[PDB]
Every structure is written in structure tokens, then in C-alpha cells.
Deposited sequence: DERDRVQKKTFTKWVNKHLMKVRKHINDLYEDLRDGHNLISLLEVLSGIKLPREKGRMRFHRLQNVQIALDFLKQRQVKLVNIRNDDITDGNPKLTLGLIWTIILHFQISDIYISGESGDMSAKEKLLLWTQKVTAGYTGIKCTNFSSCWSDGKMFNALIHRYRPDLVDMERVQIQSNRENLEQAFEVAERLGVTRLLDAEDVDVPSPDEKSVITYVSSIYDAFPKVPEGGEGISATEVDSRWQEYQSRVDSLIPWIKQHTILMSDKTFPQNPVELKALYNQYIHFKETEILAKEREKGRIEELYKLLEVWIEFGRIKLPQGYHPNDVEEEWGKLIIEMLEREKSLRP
């Protein structure tokens, strides 16, 4: 009933987050969903599809608008146990929360991939596994739930540090109080685009509300750069290493294009071209292609791209090498 206080607070904040996009809003979850209009709007926002509506302001209009939402969920094979339209239109607290949870679970939490997963892991289990992989390497017991494991605030800070090590000091997190750790995690996460669904004072308890924590943790996962399934991309564990690869690659090619462009200003001129140039060109290609995978991390703020490291800055010296290549081309041409 205190987790209900908190779950309601979280689910309200979560709902308002999405209604914001269409200029809708709720104050009391147990009242402002009863006519079916905001439930529908929420589903339209979340799903990207347009739903029908019953105009009218009798109770059966209310019941039908709720039913339109329930059917839409049932049709997408969502399981609605015990929830019926009159439960919603009449304000049933426990079933209103269950319905929001069902929506959250289906639209936000369920769309997660984790290399290391099975086909038969729940979303909850997959998300748990992500947190374990991300925070592997920080001091702490293993995370096996979405309640007590999160109450001291250290997990939150580790999640963030993995993605933005410059924004968190994990040493200090070891000896700060739970409240300080929680407060500063929510704060920083906000800067990185994570809406504050939780209040530090509600999580600093022995058993924080699981559905609230999952919703927030899942939301952090949404905000962070991700590698799509099987696709090409860079995880938070590979970034430092790829970023160094990249810079080193440039620090190798650029000055070869510069020291091998001066030779062109002053019969083997066919080997200095169908051999090396086809290789050095390929470097330029390997480079510009790697930069593409890095863009995400540059936009995310993890990498500050120093000047003279864009794939362009390479093309502008490769162009210069193409010119002086053409000068001494028409000359060794008789």
C-alpha cells in the first residue's frame, strides 16, 4: 500500500511523459483514466496508430472507450487478467495500476535485446541481465532483483558510469550515503535524457517497489546508445578501444598523405597508384566507415571529436594527393 503510493506516483509520471507529446495530462490516475480518452491517447502515442473513439458523455460511452483500449491490447496478444472496462471507468486503484503496468510492460520494457539472451527469458530477466553485464567490474554483490539491489543507489551510478565515466566518480559513490547516490544518479541521468520517474526518498528503503524500479531502469536503457541485434555497432565496452583505433588510424594515414603529396609537387607512377593508392584509399574507407559507428557516441557526449579528426579532414588531404597525382600524370604521359 506504500508501494502503491509510489507505483501510482511513478506510473502517473510515466503516463504524463507520453501524454505530453499530444498536450494531454493527468493529475489523479484513479480519476483521469475513467472516461477512456487518455488511455486511448496513450496507446496512440505509444503504438503510432490511430484508434477509434466514442463521442458522448454517458457512462456506457466511458465503458466503450475503455473497451476500445482493452481490445486493442488483447488483439496484440497482451494478457489482461481480471481487468474489465468497468474496473477502469469506476476507478479501481489496483486494476488501474495493473493496466498501466501491462501497457508499460508491453510497449517499453518488452522491446529489449541483449546478446547473451535466450528466446525464453522474460523482458524482466533480459533487462536484469543487461544491468549485470553493464555493471560487471564495479564493487558490489550481484544484482538479482529490481528492488533491494537498487536501494543504496550504487547500481544506478554504475549504469551511468559505464556510459559516461566522466560524469560519475565511482570511488566517492562507495562511501556516500544512499540518498546522495540516488539523488546524484537521478540528476545526471536526467541530463542524459532520462525523465525522473523516481524520488530518492522512495527508493532509499529496504524493498523499493519493483515495478517502479524496472520502469525507470528500462527507461535508462532506452536513453543509452545501443547495438541493434546482430547489426554492426559499438557497445559501451568497446568504445574506448575503438576510439583509440580510430585516432591512431588517422594519425597513420593523414601524415602519409602529407609526406607522400610533397613528392608529387616536385612507369613506376603506375605502381605508386594501382598498389599503394588502392591500399591507402582503402584505409581512408576503413576510417570514414568506423567514424560512422562512432557518431552515436559523439552525439551521446562520450567522445569529444577533436579538430582534424573528421573523415573529411582526411578527404581534404586525399584530394590534394589526387591533384598533384594528376599534374605528374600528364607529364609521365608522352
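Engineer: Relative to the deposited sequence, which regions have no modelled C-alpha positions in the structure?
Structural biologist: That part of the chain that was deposited but carries no coordinates is 267-280, and nothing else.
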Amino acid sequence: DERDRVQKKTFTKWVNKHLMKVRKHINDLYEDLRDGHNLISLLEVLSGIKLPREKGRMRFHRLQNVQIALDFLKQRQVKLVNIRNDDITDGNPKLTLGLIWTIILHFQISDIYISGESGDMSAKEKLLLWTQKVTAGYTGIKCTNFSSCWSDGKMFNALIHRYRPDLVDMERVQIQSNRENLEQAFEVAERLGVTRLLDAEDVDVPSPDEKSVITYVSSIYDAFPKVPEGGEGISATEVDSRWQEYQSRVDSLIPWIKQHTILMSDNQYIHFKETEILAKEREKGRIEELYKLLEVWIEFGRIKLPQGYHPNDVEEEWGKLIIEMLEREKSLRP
From here on, numbers count along this sequence of modelled residues.
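Engineer: Please compare 103-111 with 116-124 and name the stretch with the higher mean C-alpha B-factor in the deposited structure.
Structural biologist: 116-124 has the higher mean C-alpha B-factor.
Engineer: So 248-256 or 235-243, which one's hotter by mean CA B-factor in the entry?
Structural biologist: Higher mean C-alpha B-factor in the PDB entry: 248-256.
Engineer: Between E54, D35, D28, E289, which one tops the list for Cα B-factor in this entry?
Structural biologist: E289 has the highest C-alpha B-factor of those listed.
Engineer: Quick one: which of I83, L263, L167, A185 shows the highest Cα temperature factor in the PDB entry?
Structural biologist: In this record, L263 carries the highest C-alpha B-factor of the candidates.
Engineer: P228's Cα B-factor: lowest, middle or highest third of the chain?
Structural biologist: Highest third.
Engineer: Compare the C-alpha B factor of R302 with those of the other modelled residues in its chain, then answer lowest, middle or highest third.
Structural biologist: Middle third by C-alpha B-factor.
Engineer: Taking only the Cα B-factors deposited for this chain, tell me whether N312 sits in the lowest, middle or highest third.
Structural biologist: For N312, whose C-alpha B-factor we compare with every modelled residue in the chain, the answer is the highest third.
Engineer: Looking at the C-alpha B-factor of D87, is it in the lowest, middle or highest third of its chain?
Structural biologist: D87: CA B-factor falls in the lowest third of its chain.
Engineer: Can you work out whether the C-alpha temperature factor of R76 puts it in the lowest, middle or highest third of the chain?
Structural biologist: CA B-factor rank for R76: middle third.
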